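Residue numbers (UniProt numbering), protein chains in the order written: chain A, 297 to 346; chain B, 347 to 395.
Listed below in structure tokens is the structure:
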């Protein structure tokens, strides 16, 4: 009942999910840029449009 | 909506999708046009001045 707790805390470190290589691209908006920012924030919602 | 550009990105299951597109085909037509607030007529008088 105790070795389990110690195994779990350690097991979190040893076992990790593969990481996602975030890529960067620059877009040159044609048209408005306020509307195409709002679009990319209601559609694909984790994109970090700056 | 894609801003105010008259486009509309709509995104759902295909059953809903082929139903909404059939409705929108029915109840969606361009607006009517105003007639005018001014008209002209030309009269070629024959007897009077």
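We treat Cβ as the ideally placed atom computed from N, Cα and C, and that holds for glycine.
- Counted as a single uninterrupted DSSP element, the alpha helix (DSSP H) harbouring residue 308/A occupies residues 299-310.
- Take the alpha-carbon of residue 343/A and the one of residue 319/A: they are about 10 Å apart.
- Taking a beta-carbon distance threshold of 7 Å, residue 335/A counts as an interface residue toward chain B.
- For residue 309/A, not one C-beta of chain B is nearer than 7 Å to its own C-beta.
- Under a criterion of Cβ atoms nearer than 7 Å, the residues of chain B adjacent to residue 339/A are, in order, 355.
- Against residue 348/B, the close residues of chain A are 331, 335, in the order they occur along the chain (beta-carbon pairs closer than 7 Å).
- With the rule of 3 Cβ pairs closer than 8 Å, the stretch 325-345 of chain A does not count as touching the stretch 297-316 of chain A.
- Judged by their CB atoms, residue 336/A and residue 325/A are not nearer to each other than the 7 Å cut-off.
- Check the Cα spacing between residue 352/B and each of 388/B, 366/B, 361/B, 374/B: the tightest is with 374/B.
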